[PDB]
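Every residue, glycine among them, receives a Cβ derived from its backbone with ideal geometry; neighbour counts consider all protein chains shown. No value in this document is a laboratory result; all are computed from the given coordinates.
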Ligand SMILES: [Zn+2]
Ligand SMILES: [Zn+2]
Ligand SMILES: [Zn+2]
C-alpha cells in the first residue's frame, strides 16, 4: 500500500536502482565500467566498490589473497 516503514537501517543503490541489467559504476568496475566477471571483482573495505583485477593502477596480474583489499581510490599510501 502506501509508502511507510519509518524504522530502517539500510539503503539501496540509486546509480542503478538495484538490478543486474541496470549497469552501474559502483556496484561494478568503475574504471572500464564493466559489470561482468563477479569472481574476479575486488571489493573495498571502506567505500565498498567492485574493481577488476585488470583495471587497477597499477593493474593486477591476478586476484590477491592477502588480509584485505583496498581500492586505489581509498588507499592513501
Ligand atoms: Zn549500483
Ligand atoms: Zn574493469
Ligand atoms: Zn575504497
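For the reader, a short list of remarks on this structure follows.
- Restricting the stretch 40-55 to residues that are in a loop (DSSP other than H, G, I, E, B) and in contact with a strand residue (DSSP E or B) (Cβ under 8 Å, 6 or more places away or on another chain), the residue that is farthest from residue 75 (Cα to Cα): 40
- Candidates in the stretch 1-19 are the residues that are surrounded by 11 or more Cβ atoms within 10 Å (Cβ to Cβ) and either touching a residue at least 40 places away in the same chain (Cβ under 8 Å) or away from ligand 3 (no atom under 16 Å from the Cβ) (or both); of these, the one that is farthest from residue 72 (Cα to Cα) is 18.
- Residue ID - nearest to ligand 3 (Cβ to nearest atom), chosen from residues in the stretch 28-39 that are out of contact with any strand residue (DSSP E or B) (no Cβ under 6 Å at 6 or more places or on another chain) and on the phi < 0 side of the Ramachandran plot: 30
- Flag for residue 34 being within 16 Å of ligand 1 (Cβ to nearest atom), surrounded by 12 or more Cβ atoms within 10 Å (Cβ to Cβ) and either assigned to a loop (DSSP other than H, G, I, E, B) or without any contact (Cβ under 8 Å) to a residue 24 or more places away in the chain (or both): yes
- Some residue of the stretch 40-47 being within 14 Å of ligand 2 (Cβ to nearest atom), more than 24 Å from residue 66 (Cα to Cα) and surrounded by 13 or more Cβ atoms within 10 Å (Cβ to Cβ): no
- Qualifying positions in the stretch 45-54 - under 14 Å from residue 29 (Cα atoms) and within 13 Å of the chain's Cα centre (by Cα): 47, 48, 49, 50, 51, 52, 53
- Annotation note: Cβ proximity below 6 Å between a residue of the stretch 55-76 that is more than 16 Å from residue 29 (Cβ to Cβ) and a residue that is exposed (fewer than 11 other Cβ atoms within 10 Å of the Cβ) (sequence gap 6+ or interchain) occurs for no pair.
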